[PDB]
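Trainee: Its first residue numbered -1, the sequence shown is counted upward by one per residue in the deposited numbering. Yeah, the Cβ is synthetic: ideal placement off N, Cα and C, and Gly gets one too.
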Amino acid sequence: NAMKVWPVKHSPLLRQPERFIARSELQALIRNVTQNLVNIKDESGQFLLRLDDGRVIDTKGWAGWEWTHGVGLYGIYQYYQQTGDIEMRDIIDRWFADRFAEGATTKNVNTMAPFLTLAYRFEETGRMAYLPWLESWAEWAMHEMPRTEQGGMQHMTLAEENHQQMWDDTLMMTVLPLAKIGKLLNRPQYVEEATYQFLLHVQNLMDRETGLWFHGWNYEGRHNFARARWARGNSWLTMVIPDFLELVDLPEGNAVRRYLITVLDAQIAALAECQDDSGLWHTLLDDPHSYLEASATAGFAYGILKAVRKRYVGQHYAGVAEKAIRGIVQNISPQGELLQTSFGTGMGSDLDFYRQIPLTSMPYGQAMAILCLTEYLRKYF
C-alpha cells in the first residue's frame, strides 16, 4: 500500500505557497465586511451634521454622501473589477442611481471621492447620464475649488474653509479622481494639474527627517501644526501614490515617476521600521506608547501590497504587508467590523490631540479593510 511520492518541500522553488487564510474564506470575509459597511446607519440621528444654512446631513448611513462612501465604493469596485461579482457591481450602481435621483450634494475635497469609482463605471458602461456629473465635478476641481498660495488645493470641507491649508488626504479624495477623469475624457490639463498637486503636497507635508508625512500644512504661518506623523493620514499617501503611478503609466526613468517612487519607497522604509509585532502601526507612527490603530494599518497594507505587485518597490516588502494583513484579519469581528479603529480625526494643534482620539467602529475602517483584503486576493492568482 506504499505510494510513489516526489520530494518538493525542501525546495523554495517547488514548495507551494503557505497561506494563513483560504481564498474562499477571504472572499467570504470581504463580502461580510461589505455587508457591514452598507448597513451602517444612524437611526436615532445622534451624529447628524447640522449647518446654519439649514442643511442636515447624515454622515453615517449608506444613503449619505461622504468621502467614506467614496473609499467604500472604490473597494467594492476593485473587488468587482477583480472577480466580476454582480452583487458587488449592483451595490455601486444603486448607490449612484439613488444619489443622483436625490440631487447633487455640494462640492468639496471630500464629496469628490465617489467620482473616482463613477469614472471607472462610465468607462465600462458608457452610460451617457454619468458624463455631465464627471465633467461638472472635474471642472470644479480645476477652476472653482479654492487654492492656497502656490496654487495648492485648499482642504475645504462641508463646514470649514481651512484657509491656506493643505492636508494628507487631498491627493486620494480629490486629486486621484481628477486624474482618472482627465485620462478617461482625454483632458491632459487635468492630469498636469494632478501631477503638480502631488509635487506640492510632497513639498509641504513630507518630513525629510523620517520619510513619514505630517498631517497638515498652513501657508498662514508656514507651519505643520502639531507636526504629527499620524498613521491614518500617512496611509492615504501609501494608497494613492501607487494608484496614481499606475494611472499615469509613465516610462521608467521619467523624473516624475522616479521621484514619486522615491518618496513612496522612503515612506515604506520608515513604516517597515516602526511596525508593531502584531502587524499594526501606532496612531502616532513614531510613538510606541500611543495605541495601535487598524484602519491606518489596512491602508498601509493596501499601498504596500500594490507597490510590490506593480514592482515600484522591492519584493522584500511583501513581508511587511503580510504581517499587516494577518493583523487586519485578526481584528475583523464576526459581524464584519474592523476593531481597534479610531474615531474621526481633524487637524490637531498638539500631539495629545491624536493620542486621545476615542476608538470606535467607523465606515472607513470597513472600507479600508475591503481595499486591503481585495488587493491581498491578487496574491492567489
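1. Can you tell which of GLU291, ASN106 and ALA117 has its C-alpha closest to the C-alpha of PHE94?
2. Rounded to the nearest angstrom, what separates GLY297 and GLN163 at their Cα positions?
3. Within its chain, find whatever has a CB closer than 6 Å to the CB of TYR300; leave out the 5 residues flanking it on each side and keep chain order.
4. Does the beta-carbon distance from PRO186 to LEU114 come in below 8 Å?
5. With DSSP run on the structure shown, which of helix, strand or coil describes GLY214?
6. Count the other C-beta atoms from every protein chain shown that fall within 10 angstroms of the C-beta of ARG92, then say buried if there are 16 or more, exposed otherwise.
7. Have a look at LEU183, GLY251, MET151 and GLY43 and flag the residue whose alpha-carbon is nearest the alpha-carbon of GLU121.
8. Is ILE326 near the ligand FMN, with its Cβ less than 7 Å from a heavy atom?
9. On the CB-based measure, 16 or more other CB atoms within 10 Å of its CB, does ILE179 come out buried or exposed?
10. Under the rule that 16 or more other beta-carbon atoms within 10 Å means buried, what is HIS8, buried or exposed?
11. Which value, in whole angstroms, describes the spacing of the CA atoms of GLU137 and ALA253?
12. State the Cα-Cα distance for the pair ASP263 and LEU203, rounded to the nearest angstrom.
13. Please name the residue, chosen from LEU12, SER276 and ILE330, that lies closest to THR339 on a Cα-to-Cα basis.
14. Report yes if the CB atom of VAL3 is closer than 8 Å to the CB atom of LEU12, and no otherwise.
15. Does the Cβ of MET86 have 16 or more other Cβ atoms within 10 Å, making it buried, or fewer, making it exposed?
16. Can you tell which of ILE326, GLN148, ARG307 and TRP63 has its C-alpha closest to the C-alpha of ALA99?
17. Per DSSP, what are the beta-bridge partners of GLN163 in this structure?
18. What residue from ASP88, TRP165, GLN80 and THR343 has the CA that sits closest to residue 390's CA?
19. Just the Cα atoms here: how many angstroms apart are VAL200 and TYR257?
20. Quick check on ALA117 - is its C-beta less than 8 Å from some C-beta in chain D?
21. Is DSSP giving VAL3 helix, strand or coil here?
22. Which residues share a DSSP beta bridge with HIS280?
23. Using beta-carbon positions only, say whether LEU283 and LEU198 come within less than 8 Å of one another.
24. Please state the DSSP three-state secondary structure of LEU46.
25. For my contact list, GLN333 and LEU35 are in at a C-beta cut-off of 8 Å; report their separation, rounded to the angstrom.
26. Quick one: give me the first and last residue of the alpha helix (DSSP H) that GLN80 is part of.
27. Report the residue from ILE19, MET1 and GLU335 whose alpha carbon sits nearest the alpha carbon of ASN30.
28. According to DSSP, what are the bridge partners of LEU336?
29. Between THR172 and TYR315, what straight-line distance do the alpha-carbon atoms span, to the nearest angstrom?
30. Between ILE90, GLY52, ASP50 and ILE84, which lies nearest to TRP60 when the distance is taken from Cα to Cα?
31. Mind checking who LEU245 pairs with in its DSSP beta bridge?
32. Which residues bound the alpha helix (DSSP H) around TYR310?
Mentor: Reading from the atomic positions:
1. Per the Cα distances, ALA117.
2. Each residue's alpha carbon lies about 23 Å from the other.
3. Shown here for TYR300: same chain residues with a beta carbon closer than 6 Å to its own, the five before and five after excluded, namely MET237, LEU369, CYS370 and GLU373 in chain order.
4. Not closer than 8 Å, so no.
5. Collapsing the DSSP output to three states places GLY214 in a strand.
6. The C-beta of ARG92 has fewer than 16 other C-beta atoms within 10 Å across all chains shown, which makes the residue exposed.
7. If we check each option's Cα against that of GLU121, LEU183 comes out closest.
8. With respect to the ligand FMN, the structure shown offers nothing to examine, as it has no ligands at all.
9. Counting C-beta atoms within 10 angstroms of its own C-beta, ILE179 has 16 or more neighbours from the protein chains shown and is therefore classed as buried.
10. By the 10 Å Cβ count, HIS8 comes out exposed.
11. Going from the Cα of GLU137 to the Cα of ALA253 covers about 28 Å.
12. In this model, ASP263 and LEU203 are separated by some 16 Å (Cα to Cα).
13. When only C-alpha atoms are compared, the closest one is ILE330.
14. A distance of 8 Å or more separates the beta carbons of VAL3 and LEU12.
15. The residue is buried, with at least 16 neighbouring Cβ atoms inside 10 Å.
16. Minimum Cα-Cα distance from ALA99 among the listed residues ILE326, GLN148, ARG307 and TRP63 corresponds to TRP63.
17. Looking at the DSSP output, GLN163 sits in a beta bridge with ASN216.
18. This structure does not reach residue 390, given that the chain is present from -1 up to 379, and the question cannot be answered.
19. Straight through space, the alpha carbons of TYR257 and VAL200 are spaced by roughly 10 Å.
20. You won't find chain D in this structure, because it holds only one protein chain.
21. In the structure shown, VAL3 adopts coil according to DSSP, grouped into three states.
22. BP columns for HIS280 point to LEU290.
23. Judged by their CB atoms, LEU283 and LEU198 are not nearer to each other than the 8 Å cut-off.
24. In the structure shown, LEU46 sits in coil (DSSP, three-state: anything other than H, G, I, E or B).
25. So it is not a contact: roughly 11 Å between Cβ atoms.
26. Residues 65 to 81.
27. Ranking the options by Cα distance to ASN30, first place goes to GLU335.
28. In the DSSP output, where bridge partners are listed per residue, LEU336 has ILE330.
29. Going by the C-alpha atoms only, they are around 28 Å apart.
30. Nearest C-alpha to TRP60: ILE90.
31. Answer is none; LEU245 lacks a bridge partner.
32. Judged by DSSP secondary structure, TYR310 falls outside any alpha helix (DSSP H); it is assigned neither H nor E.
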